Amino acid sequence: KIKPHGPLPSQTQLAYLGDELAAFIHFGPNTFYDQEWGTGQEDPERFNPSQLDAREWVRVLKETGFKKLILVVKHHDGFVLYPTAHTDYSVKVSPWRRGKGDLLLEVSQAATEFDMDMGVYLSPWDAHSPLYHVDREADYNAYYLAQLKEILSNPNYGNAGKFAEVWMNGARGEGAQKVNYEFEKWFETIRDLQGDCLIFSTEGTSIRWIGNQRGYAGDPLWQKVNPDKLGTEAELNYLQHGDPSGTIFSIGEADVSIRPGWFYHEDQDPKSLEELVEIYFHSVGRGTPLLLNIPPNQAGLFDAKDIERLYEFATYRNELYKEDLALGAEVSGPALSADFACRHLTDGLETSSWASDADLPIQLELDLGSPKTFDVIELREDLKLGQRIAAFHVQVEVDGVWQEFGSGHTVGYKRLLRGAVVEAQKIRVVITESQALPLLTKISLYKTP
């Protein structure tokens, strides 16, 4: 047995890492007011997306490879997109669905049918509620907690009543009241109602912000942090890289909009395939999930360009992963024992691993049997035993001469490393630094389409 190193991910963390892709949906008054941030004075009368089709949202997201949908149910403007008992500023007083509308219900039913996991975004900062005030702090917290209970206990909400993520945005406007939140109480309610549901927050929860909105994870990306270094004035670069000494497993989630804004604006176009590809490589390709926001329009529908783009993106990835050129390749180098053989790097088994206790740098050489054309290499650690690798690089033998392909810091759950297209039969993976004896479960090679 190899001894585990560092903090270990929960089962729900590993599942998210394996799922790789989650979708964000920002829809609400701001959609009708053509804005990114609302005041709380938006007229509920304007809110009438009669064409809204949540099943269409879910169907397209499922067909284009998303595994989770995080729904904004109350943005900063404080308008609530389900008929909560706790405020009259909700869809209840709007014309939508003749006043009997429930978006969380509509989405959850669709998500249930498609087995799409569900997350929920409830804004801590609330620009509408008169309870959002330093002298009503207990009252706002009780209002917030009340809605968490409404959302998380109702078997009509979620994917068959289950939520996979709760999102607690840290953003707050310059002018706003300095309300402090009852974090522990919220977290306990979430564990009561939803077990080990993942929680994105500014505190030491299971998910953290990566510290930017471009969908850019750092390299290194340590999926762990010291809770002491979090909070609302966590360093952006600390978020972006995590902590090589971190004491809790933490997913640095890469959130980004397919458009310049989080909400839909008519004058904006979605990002190009090329752009989405770059993002993909710097999120999923750095061992962290991509959370792509797709904002429905005034009609309540995904924009046609956006849908098309989502298909192109799916096609791209499908083509990318179609043939693993390293599958079955012969690998030489040191190995701890037969149970940790080199051959476990290309055996197609995520349950088999290579490992070596030899002195660094450790070199694995792959022989593909014949020259192949590729421009991506994939590596994966066994995070059940902890994240370890701190530095590595990759060399390819071209025309009898070893040349640099690429290099990186962390591997993590899964690392993709692009390089210039090469035709090569032999490949070297050189591990230069590791926090403990390195394990790898997989090395793969692909050609981008």
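When you see a residue number, it is the position in the sequence shown, counting from 1.
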I need to verify one thing: averaged over C-alpha atoms only, is the B-factor higher for 47-55 or for 384-392? 47-55
Between 66-74 and 420-428, name whichever shows the higher mean Cα B factor according to the PDB entry. 420-428
Of the residues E253, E378, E266, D375, the one carrying the largest Cα B-factor as recorded: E266
Highest recorded C-alpha temperature factor, please, choosing from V107, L236, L349, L198. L349
Within-chain third of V398 by Cα B-factor, per the entry: highest
Check where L310 lands among this chain's C-alpha B-factors and tell me if it's the lowest, middle or highest third. middle
Taking only the Cα B-factors deposited for this chain, tell me whether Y316 sits in the lowest, middle or highest third. middle
Modelled-residue ranking by C-alpha temperature factor, third containing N293: lowest
Where does the C-alpha B-factor of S283 rank in its chain, lowest, middle or highest third? lowest
